[PDB]
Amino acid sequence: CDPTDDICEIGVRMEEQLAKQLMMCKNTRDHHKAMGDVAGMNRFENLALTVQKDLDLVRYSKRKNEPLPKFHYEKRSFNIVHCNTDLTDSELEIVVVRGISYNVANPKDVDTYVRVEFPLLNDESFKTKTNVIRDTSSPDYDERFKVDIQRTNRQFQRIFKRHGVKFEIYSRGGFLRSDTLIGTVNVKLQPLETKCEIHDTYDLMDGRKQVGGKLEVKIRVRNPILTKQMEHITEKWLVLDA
């Protein structure tokens, strides 16, 4: 749009608003899917469907040359403050789930453990580690660690915006033998600004250089960092007439 063309810009914002609403539908749908909640899942998929229809209607009016569709505001109940109720408002949880086929020299008794480093106030702190699984290239750690955050501190918001959690995978050197760094995994925290968990599997790295196997990890909060402004969107749900 030309910067003086206000009706054009309204049209752009209509589409942006609906695209943001679509994103919220899919995210929430995906949270309910991950939690074995079939009914919430279909619910927010159906909400996504209606948002997409309106998105298509607006794009179509623009593809031809018709007036923008009339619209109005409604509300939608997302329950953003209450996904992962198992967690305090102040709590971030890290789950080291499993290693997958580390590229080591041993088959069995490769013995492994994972160190976790989570940045805290005035860089940094919080460090911990998993137990030592024994005798497998594909370990099944299943350990959860909780830490305290301050959503209020703008430098904690810094950390979620820009920074991440470091996972170091170590082989347990035996008698008079030190431990070997098998590989590193670094997971950015910023998806937690609008989502309430990260869950993926990541390649063990050396540099700059993929090592071999993978590590599967979860990072979970009670609600997204930017829950407050997500709620504002849900209070003015843009919906086309009719």
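One-based numbering along the sequence shown.
(request) Give the stretch, out of 57-65 and 23-31, with the larger mean C-alpha temperature factor in the deposited entry. (result) For C-alpha atoms only, the mean B-factor is higher in 57-65.
(request) May I ask you to compare 74-82 and 129-137 by their mean CA B factor in the entry and name the higher one? (result) The deposited B-factors put 129-137 ahead on the C-alpha mean.
(request) Would you mind checking where the Cα B-factor of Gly99 ranks among the modelled residues of its chain, as the lowest, middle or highest third? (result) It falls in the middle third of the chain.
(request) Within this chain's modelled residues, let me know which third the CA B factor of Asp6 belongs to: lowest, middle or highest. (result) For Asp6, the deposited C-alpha B-factor lands in the lowest third.
(request) Classify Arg208 as lowest, middle or highest third according to the C-alpha B-factor given in the PDB entry, relative to its own chain. (result) Highest third - that is where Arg208 ends up once the chain's C-alpha B-factors are sorted.
(request) Compare the C-alpha B factor of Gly183 with those of the other modelled residues in its chain, then answer lowest, middle or highest third. (result) According to the entry, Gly183 has a C-alpha B-factor in the chain's middle third.
(request) Determine, from the deposited record, the chain-internal third of the Cα B-factor for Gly173: lowest, middle or highest. (result) As the PDB entry reports it, the C-alpha B-factor of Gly173 lands in the highest third of its chain.
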